[PDB]
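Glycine gets a Cβ as well: all are built from the backbone with ideal geometry, and neighbour counts include every protein chain shown. Nothing in this text is a laboratory measurement; each read-out follows from the coordinates by a stated rule.
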Amino acid sequence: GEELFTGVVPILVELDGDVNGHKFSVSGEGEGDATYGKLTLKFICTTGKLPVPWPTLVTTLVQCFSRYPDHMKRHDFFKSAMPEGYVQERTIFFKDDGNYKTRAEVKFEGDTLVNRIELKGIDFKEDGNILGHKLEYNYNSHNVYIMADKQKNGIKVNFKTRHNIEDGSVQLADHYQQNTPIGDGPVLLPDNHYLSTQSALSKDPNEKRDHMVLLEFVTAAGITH
Amino acid sequence: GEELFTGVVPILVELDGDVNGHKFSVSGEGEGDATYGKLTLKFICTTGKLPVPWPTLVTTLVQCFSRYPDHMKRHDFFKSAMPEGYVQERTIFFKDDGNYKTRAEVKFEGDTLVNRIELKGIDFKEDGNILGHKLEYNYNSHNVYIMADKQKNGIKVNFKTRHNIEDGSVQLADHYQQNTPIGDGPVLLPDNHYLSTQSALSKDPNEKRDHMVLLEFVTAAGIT
Amino acid sequence: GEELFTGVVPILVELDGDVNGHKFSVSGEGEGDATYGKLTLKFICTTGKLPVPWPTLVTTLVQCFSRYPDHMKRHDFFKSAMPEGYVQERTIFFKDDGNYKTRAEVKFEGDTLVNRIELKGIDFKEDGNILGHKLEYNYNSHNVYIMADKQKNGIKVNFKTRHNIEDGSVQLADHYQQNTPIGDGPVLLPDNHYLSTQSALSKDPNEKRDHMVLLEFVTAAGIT
Amino acid sequence: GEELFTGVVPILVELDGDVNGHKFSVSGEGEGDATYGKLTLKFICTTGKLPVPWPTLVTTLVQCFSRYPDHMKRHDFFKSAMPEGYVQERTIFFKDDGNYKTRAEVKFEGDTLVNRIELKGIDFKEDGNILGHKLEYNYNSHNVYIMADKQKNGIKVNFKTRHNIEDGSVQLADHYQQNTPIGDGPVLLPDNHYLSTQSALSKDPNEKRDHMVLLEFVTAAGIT
């Protein structure tokens, strides 16, 4: 599955969601270079105006493109489950607000890596930072902690994200994630480690549609040479 | 059988294998000069791309071409079994990985020496050095220890090969081998000894097919 | 950023590479004089013997030093991205052989212009001109073609290099390159043009380490 | 490899042989001046009396000392393979008699050019000109024809020698030779040509041991 990430791979992303009764859809296209843990993606909201702030969907909208140092490659679960893929699930808790439940399947469809996602958000405050759109248009760096779940034959992941708010405060979100292989093949279960991630959010000036462009860098770490 | 190795002899090699369900085939041609313990062989993978690293097949892919010093000629089992030939079997254990079971018949077909081989590899890690293709394209020198097995009227052989890995480590492979004659004629059973072997691996630049070219020198020793 | 290239500027270069599994490193130090489009650089292989020929690394191992004629100064992308720098990426295809995927960041570290580089080579023939080391120790002149990529807010470049081979033939390498700014400031997008380049390769006689000394002249052209 | 042959170079020669079961050894020392295609060598039989006539060993007992005219220096395979050396092999067929199978490595050991040789002789008539020692103690001039074997990255050579016999007749010997490089470096493959050779055989009057002294001149030709 690692021989599939040697060059630039095209990515296609589709999400169908509902937040407090609000339904919307997003589509995305881009590519990734696992060689530099590099991602470039543009997303559009197909249903009109996105009901939630864009930064809240960054973590939902492809960790098989992380950069794994040569000594740690036997710890790359995501690429070992390829091409069949893996399911990725999450419950994201926004402090003092709602939460998202998400289920997605990430796999190879021909030569494109697709990420089909489903999302339900419940309990959002009508005048919170989220439904109230008080988040600012930017992102911070974060470290994603990973460990093997030998029972489900996958990995469990937990991490928190800080989102800057307009007024000067910060909105936290706790992420609980699990990944399981689709294929019956043996995957690589990793020793404990983490992923350092950095993203930048921007807009395409010639774009009339509600969208978000994203540049991200992901590198693996936390295991000794 | 020794009077057949006085000059250059053409060699014909055929392997049919399966490794963890992967099937492939190899064909080889070349010649050998018993007089200098020399061998020149080129092999091609006829099924497309070889699933295993080429250096893992070197030992399977004709010891009757070793140089046996004058004083040690009564210890040359290989040649004595000729022209009828001998069956050569092996179980090669790759440390922390799978293993190969091989069975072959080496004999004279007309004036060509042919080596007909069958190989089955089981238990290979999907991310080991072998299926993961981490072996480097080279070979080291080794010594093959030989002793008579008077009950099967043949010889038993054991030896180990070190294969360099790109990351810097080494992959070991223990070899357990037995050879028995095909013919009903009396063979030479040897006293304990070993063969000193040196090989060089290269490529033919005008070759599009998956292949390996091999130069090898084998000399007998260990008997006073 | 142009006000930084009025004199001689010290250059520091560092490359970490991997070619068909082979890891090596190189360091370089020198200076450039933008005013004459002149460069002097000496590189050493810190890991011992360089596994690939030195001429194959020339293009990877600082175009902000080109001489841009007065009328053409509004087309100097490279200097406009300074001091923050620009990312330079490339895929170099060697005819009938492997290719190099390279990524680098060129920017000012204090008063030194550093070019930090990463290189990966895949698919090289084991007996090609490259791994087989058949390239002669010299370089030819070439023109590098440039155009703006208003999309990535950078430029796209493509050119080809001829490398002399010992036997008398020539090895070609097609270069595809993209440069993008690191800073959020506005850069100069150029009209189409090219850079005329001339280089000379030599050795430092008192140097025991594997190295290459390089003299190069770069001048911008093609705009009326 | 050419810069090594600018002056006088000491040569050291060692041959271990067997002719129809007869084992003997020879040692030789001397020097060669590539600039004049000049050679002076003295050989001794260390095992006692040499079992075969001395003139039969001349061609076996260092062609990298041939003079190559200036316009023909790109055709010098022998010196380009230096200092790593080359392997030289031969089957010499004596008309109506046995034949010699020889293998040799010629290379630089420090500052001495060494020629280590191995020879086997089979099928010699017990009443022939060779074992019967009927050859006269002299040598003739000959032309050695050369061509590239781009296959083996070497050269093939064939030539014949006439040996005077005491009764008035002549003994012919057909030489089939192949030279291949030891080093992995690129060598010069030549266009067809030949070497003109002249030798004189004599004895050292103060020498009690079986020996042969040899003066020989070799000059390259056949290329416009």
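Scanning the range B:160-170 for residues that are within 14 Å of another protein chain (Cβ to nearest Cβ), of a type outside the set (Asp, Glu) and out of contact with any helix residue (DSSP H, G or I) (no Cβ under 7 Å at 6 or more places or on another chain) gives B:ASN164, B:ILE165, B:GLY168, B:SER169. So is A:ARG90 more than 14 Å from chain C (Cβ to nearest Cβ) and over 28 Å from C:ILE122 (Cβ atoms) or not? Yes: the conditions hold for A:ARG90.
Evaluate the following for A:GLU84: is it more than 14 Å from every other protein chain (Cβ to nearest Cβ) and among the charged types (D, E, K, R)? Here the answer is no, as A:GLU84 does not meet what is asked.
One line per residue, one yes/no per condition, for (1) over 15 Å from the mean Cα position of the chain (by Cα); (2) closer than 21 Å to A:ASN140 by Cβ:
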| residue | (1), (2) |
| --- | --- |
| A:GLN63 | no, yes |
| A:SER66 | no, yes |
| A:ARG74 | yes, no |
| A:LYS101 | no, no |
| A:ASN115 | no, no |
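Output yes when any residue across the range B:169-183 is of a type in the set (A, V, I, L, M, F, W, C), within 30 Å of D:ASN153 (Cα to Cα) and assigned to a strand (DSSP E or B), and no when none is. Checked against the condition, which is being of a type in the set (A, V, I, L, M, F, W, C), within 30 Å of D:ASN153 (Cα to Cα) and assigned to a strand (DSSP E or B), the range B:169-183 yields no hits at all.
Here's a check for you: in the range B:1-11, which residue that is away from chain D (no Cβ under 13 Å) and either among the hydroxyl-bearing types (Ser, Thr, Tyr) or buried (at least 16 other Cβ atoms within 10 Å of the Cβ) (or both) is farthest from the chain's Cα centre (by Cα)? Per the stated criteria, the residue is B:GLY1.
Scanning the range B:105-138 for residues that are within 14 Å of chain C (Cβ to nearest Cβ) and polar (S, T, N, Q), we see that the one that is surrounded by the fewest Cβ atoms within 10 Å (Cβ to Cβ) is B:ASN138.
Restricting attention to the range A:202-225, report how many residues are more than 13 Å from every other protein chain (Cβ to nearest Cβ) and either farther than 24 Å from A:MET72 by Cβ or surrounded by 19 or more Cβ atoms within 10 Å (Cβ to Cβ) (or both). Total satisfying the criteria: 10. Taking the range D:189-224 as the range and being part of a loop (DSSP other than H, G, I, E, B) and crowded, with 19+ Cβ neighbours inside 10 Å as the test, only D:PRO190 passes. Considering every residue within the range A:203-222, establish whether at least one is within 18 Å of A:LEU50 (Cα to Cα) and in contact with a helix residue (DSSP H, G or I) (Cβ under 7 Å, 6 or more places away or on another chain). Yes, the range A:203-222 contains a residue that is within 18 Å of A:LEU50 (Cα to Cα) and in contact with a helix residue (DSSP H, G or I) (Cβ under 7 Å, 6 or more places away or on another chain).
Only a single item in (1) crowded, with 17+ Cβ neighbours inside 10 Å; (2) over 24 Å from C:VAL144 (Cα atoms); (3) more than 14 Å from chain B (Cβ to nearest Cβ) is not met by C:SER66, and it is number (2). Out of the residues in the range A:98-127 that are aromatic (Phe, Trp, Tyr) and crowded, with 19+ Cβ neighbours inside 10 Å, which is farthest from A:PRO181 (Cα to Cα)? Filtering the range A:98-127 for residues that are aromatic (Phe, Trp, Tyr) and crowded, with 19+ Cβ neighbours inside 10 Å, the one farthest from A:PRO181 (Cα to Cα) comes out as A:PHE124.
When residues in the range A:1-31 are screened for being within 14 Å of chain C (Cβ to nearest Cβ) and either crowded, with 20+ Cβ neighbours inside 10 Å or part of a strand (DSSP E or B) (or both), 5 of them pass. Are any of the residues in the range C:75-95 more than 14 Å from every other protein chain (Cβ to nearest Cβ), surrounded by fewer than 19 Cβ atoms within 10 Å (Cβ to Cβ) and over 16 Å from C:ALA173 (Cβ atoms)? Among the residues of the range C:75-95, at least one is more than 14 Å from every other protein chain (Cβ to nearest Cβ), surrounded by fewer than 19 Cβ atoms within 10 Å (Cβ to Cβ) and over 16 Å from C:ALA173 (Cβ atoms), which makes the answer yes. Confirm whether B:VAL58 is surrounded by fewer than 21 Cβ atoms within 10 Å (Cβ to Cβ), of a type in the set (A, V, I, L, M) and on the phi < 0 side of the Ramachandran plot. Spelling it out, B:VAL58 is indeed surrounded by fewer than 21 Cβ atoms within 10 Å (Cβ to Cβ), of a type in the set (A, V, I, L, M) and on the phi < 0 side of the Ramachandran plot.
A single member of C:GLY32, C:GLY28, C:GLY48 is within 14 Å of chain B (Cβ to nearest Cβ) and either assigned to a loop (DSSP other than H, G, I, E, B) or under 18 Å from the mean Cα position of the chain (by Cα) (or both), and it is C:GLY48.
As a summary of the residue check, A:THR40 satisfies the conditions (1) within 14 Å of chain C (Cβ to nearest Cβ); (2) crowded, with 19+ Cβ neighbours inside 10 Å; (3) under 16 Å from the mean Cα position of the chain (by Cα); (4) among the β-branched types (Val, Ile, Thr) except for the one numbered (2). Being crowded, with 19+ Cβ neighbours inside 10 Å, assigned to a loop (DSSP other than H, G, I, E, B), more than 14 Å from chain C (Cβ to nearest Cβ) and touching a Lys or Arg at 6+ places or on another chain (Cβ under 9 Å): is that true of A:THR60 here? Against the criterion (crowded, with 19+ Cβ neighbours inside 10 Å, assigned to a loop (DSSP other than H, G, I, E, B), more than 14 Å from chain C (Cβ to nearest Cβ) and touching a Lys or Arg at 6+ places or on another chain (Cβ under 9 Å)), A:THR60 qualifies.
Checked against (1) more than 14 Å from chain B (Cβ to nearest Cβ); (2) over 18 Å from the mean Cα position of the chain (by Cα), A:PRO186 passes all but a single condition, namely (1). Inspect the range A:63-74 for any residue being within 14 Å of chain C (Cβ to nearest Cβ), within 26 Å of A:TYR194 (Cβ to Cβ) and in contact with a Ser or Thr (Cβ under 6 Å, 6 or more places away or on another chain) and give the result as yes or no. Yes, that holds for at least one residue. Looking across the range A:150-174, the residues that are crowded, with 19+ Cβ neighbours inside 10 Å and either closer than 30 Å to A:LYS125 by Cα or charged (D, E, K, R) (or both) come down to A:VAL157, A:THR161, A:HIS163, A:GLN171, A:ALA173.
For the range A:77-84, indicate whether the set of residues that are in contact with a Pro (Cβ under 9 Å, 6 or more places away or on another chain) and surrounded by fewer than 17 Cβ atoms within 10 Å (Cβ to Cβ) is non-empty. Scanning the range A:77-84, I find at least one residue that is in contact with a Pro (Cβ under 9 Å, 6 or more places away or on another chain) and surrounded by fewer than 17 Cβ atoms within 10 Å (Cβ to Cβ), so the answer is yes. Screening C:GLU118 against (1) touching a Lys or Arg at 6+ places or on another chain (Cβ under 7 Å); (2) part of a loop (DSSP other than H, G, I, E, B); (3) closer than 27 Å to A:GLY37 by Cβ leaves a single unmet condition, (2). Of the set (1) among the aliphatic types (A, V, I, L, M); (2) closer than 30 Å to D:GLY183 by Cβ; (3) in contact with a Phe, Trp or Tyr (Cβ under 7 Å, 6 or more places away or on another chain), all apply to C:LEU135 but (3). Considering each residue of the range B:139-159 in turn, none proves to be basic (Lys, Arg), surrounded by 14 or more Cβ atoms within 10 Å (Cβ to Cβ) and either on the phi > 0 side of the Ramachandran plot or within 14 Å of chain C (Cβ to nearest Cβ) (or both).
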